Amino acid sequence: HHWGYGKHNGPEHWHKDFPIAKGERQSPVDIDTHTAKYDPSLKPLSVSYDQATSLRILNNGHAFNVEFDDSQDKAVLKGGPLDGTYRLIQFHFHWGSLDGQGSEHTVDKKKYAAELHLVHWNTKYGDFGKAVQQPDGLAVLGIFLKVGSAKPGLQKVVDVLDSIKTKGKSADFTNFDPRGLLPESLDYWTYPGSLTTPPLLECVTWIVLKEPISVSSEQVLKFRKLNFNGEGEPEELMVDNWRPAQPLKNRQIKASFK
Ligand SMILES: COP(=O)(OC)[C@H](Nc1ccc(S(N)(=O)=O)cc1)c1ccc([C@@H](Nc2ccc(S(N)(=O)=O)cc2)P(=O)(OC)OC)cc1
Ligand SMILES: [Zn+2]
């Protein structure tokens, strides 16, 4: 009886095995655009992905992760609200069963079809496992997806999903450029929060981009053909793998833009 996104093991249950679920800095949150304050002192965000080295794509039973070589400063995130250098380790998505749901963060209570999380860790802590134990250990860049025109840079991802249908399957995924997943603007909101799945550690500086990317209906349909189950088990489609918005508590969301 492990955690997931079903009636019996979903977000409302997680607090029993992970009491930090009811903590002071949980994610995601609703972004109230009229309460978020422009902070003129936020530095300009630096996304340096030209030397990124993708390795593999994995169905972990919750989402699929595109994993990178993070054993050197290749693909890094700096600037914005960040102090120091954060290395890209993986990206994944959260998505819905229908186009009106699937994001984790919300904007004035609007839910997007999906949300992309590019996960980075602070190199001052030496490895990712040490970093998740620190309040400033991780930086996750969140990008909303809406359904409309195709995103060309997503197609290579879409096309390998058939090979990783079930939990525990992986495939070689070299030479993928995550720059192709960004929107034109790097305008963002930032706040201190958490992992959005167990173990729900309060270790993340969230950076959520204002501008969504557009994907096609056909692209998100292929996400929804993935399985939460393992091979040879009854089929449970991998849909609605998102945590709803959590209380903001004693936090301020800052805007990089006027
Ligand atoms: C394995 O999943 P993951 O992607 O990490 C590669 C996930 N990571 C993950 C990444 C991103 C996101 S999201 N959706 O972008 O927020 C969610 C989960 C995550 C899972 C588990 C942990 C650790 N869990 C953990 C629990 C408590 C503590 S403690 N003593 O309280 O400090 C320490 C470690 P670990 O497996 O060691 C890394 O140790 C049991 C760590 C990470
Ligand atoms: Zn995530």
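No value in this document is a laboratory result; all are computed from the given coordinates. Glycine also receives a Cβ, built like all others from the backbone with ideal geometry; neighbour counts cover every protein chain displayed.
Do you know which residues across segment 75-92 are more than 16 Å from the chain's Cα centre (by Cα), among the hydroxyl-bearing types (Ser, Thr, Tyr) and either buried (at least 20 other Cβ atoms within 10 Å of the Cβ) or in a strand (DSSP E or B) (or both)?
none
Mind listing whichever residues of segment 131-151 are within 18 Å of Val208 (Cα to Cα), more than 16 Å from ligand 2 (Cβ to nearest atom) and buried (at least 18 other Cβ atoms within 10 Å of the Cβ)?
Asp136, the sole residue that qualifies.
List every residue pair whose Cβ atoms lie under 8 Å apart, where the two residues are 6 or more positions apart in sequence or sit on different chains, the first residue falls within segment 235-258 and is over 12 Å from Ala36 (Cβ atoms), and the second residue, located anywhere, is among the basic types (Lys, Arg).
Correct list of pairs: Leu237/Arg224; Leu237/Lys225; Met238/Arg224; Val239/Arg224; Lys249/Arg25.
Restricting to segment 187-209, name every residue that is in a strand (DSSP E or B) and more than 18 Å from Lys43 (Cβ to Cβ).
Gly193, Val204
Say whether the condition of being away from ligand 1 (no atom under 15 Å from the Cβ), touching a strand residue (DSSP E or B) at 6+ places or on another chain (Cβ under 6 Å) and in contact (Cβ under 8 Å) with a residue 40 or more places away in the chain is met by at least one residue in segment 13-28.
Looking through segment 13-28, none of the residues is away from ligand 1 (no atom under 15 Å from the Cβ), touching a strand residue (DSSP E or B) at 6+ places or on another chain (Cβ under 6 Å) and in contact (Cβ under 8 Å) with a residue 40 or more places away in the chain.
Considering only residues of segment 160-207 that are among the acidic types (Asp, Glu) and more than 21 Å from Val66 (Cβ to Cβ), which is surrounded by the fewest Cβ atoms within 10 Å (Cβ to Cβ)?
Residues of segment 160-207 among the acidic types (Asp, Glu): 162, 172, 177, 184, 187, 202.
Cutting the leftovers down to more than 21 Å from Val66 (Cβ to Cβ) gives us 184, 187, 202.
Working: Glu184: 7, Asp187: 14, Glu202: 18.
Checked segment 160-207; the qualifying residue surrounded by the fewest Cβ atoms within 10 Å (Cβ to Cβ) is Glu184.
Restricting the first residue to segment 128-142 and requiring it to be farther than 17 Å from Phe68 by Cβ, which pairs with a second residue that is part of a loop (DSSP other than H, G, I, E, B) and away from ligand 2 (no atom under 16 Å from the Cβ) meet a Cβ separation below 8 Å and a spacing of at least six or different chains?
As it stands, the answer is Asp136/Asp83, since those pairs meet every condition given.
Under 7 Å between Cβ atoms, which residue pairs at least 6 apart in sequence (or on different chains) link something in segment 165-193 that is more than 29 Å from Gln26 (Cα to Cα) with a partner that is among the basic types (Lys, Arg) and not in a strand (DSSP E or B)?
If the second residue must be among the basic types (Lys, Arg) and not in a strand (DSSP E or B), the pairs left are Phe176/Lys156.
Being in contact (Cβ under 8 Å) with a residue 12 or more places away in the chain and either more than 15 Å from ligand 1 (Cβ to nearest atom) or surrounded by fewer than 17 Cβ atoms within 10 Å (Cβ to Cβ) (or both) is the filter here; which residues of segment 115-127 pass it?
As a first pass, look at segment 115-127 and keep what is in contact (Cβ under 8 Å) with a residue 12 or more places away in the chain: 115-125.
Selection gives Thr123, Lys124.
Output the residue which, of all residues in segment 31-47 that are touching an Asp or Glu at 6+ places or on another chain (Cβ under 9 Å) and surrounded by fewer than 18 Cβ atoms within 10 Å (Cβ to Cβ), is farthest from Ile89 (Cα to Cα).
Going through the qualifying residues, I end up with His34.
Looking only at residues in segment 37-49 that are assigned to a loop (DSSP other than H, G, I, E, B) and closer than 22 Å to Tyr86 by Cβ, which one is farthest from ligand 2 (Cβ to nearest atom)? Give the steps one after another, and end with the answer.
Filtering segment 37-49 for residues assigned to a loop (DSSP other than H, G, I, E, B) gives 39-45, 49.
Filter once more, keeping what is closer than 22 Å to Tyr86 by Cβ: 39, 41-45, 49.
Details: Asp39: 24, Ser41: 28, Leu42: 23, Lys43: 25, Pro44: 25, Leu45: 19, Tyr49: 18 Å.
So the residue we want is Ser41.
Can you work out which of the residues in segment 50-74 that are assigned to a loop (DSSP other than H, G, I, E, B) and within 16 Å of ligand 1 (Cβ to nearest atom) is farthest from the chain's Cα centre (by Cα)? Steps first, answer last, please.
Of segment 50-74, the ones assigned to a loop (DSSP other than H, G, I, E, B) are 50-53, 60-63, 69-74.
Still in the list and also within 16 Å of ligand 1 (Cβ to nearest atom): 60-63, 69-71.
Working: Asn60: 14, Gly61: 15, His62: 12, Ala63: 10, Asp69: 18, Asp70: 17, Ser71: 21 Å.
For segment 50-74, the residue satisfying everything is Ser71.
When you check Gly142 against the structure, is it within 12 Å of ligand 1 (Cβ to nearest atom) and not aliphatic (A, V, I, L, M), yes or no? Please lay out each step first, then the result.
Details: within 12 Å of ligand 1 (Cβ to nearest atom): yes; not aliphatic (A, V, I, L, M): yes.
So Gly142 passes the test.
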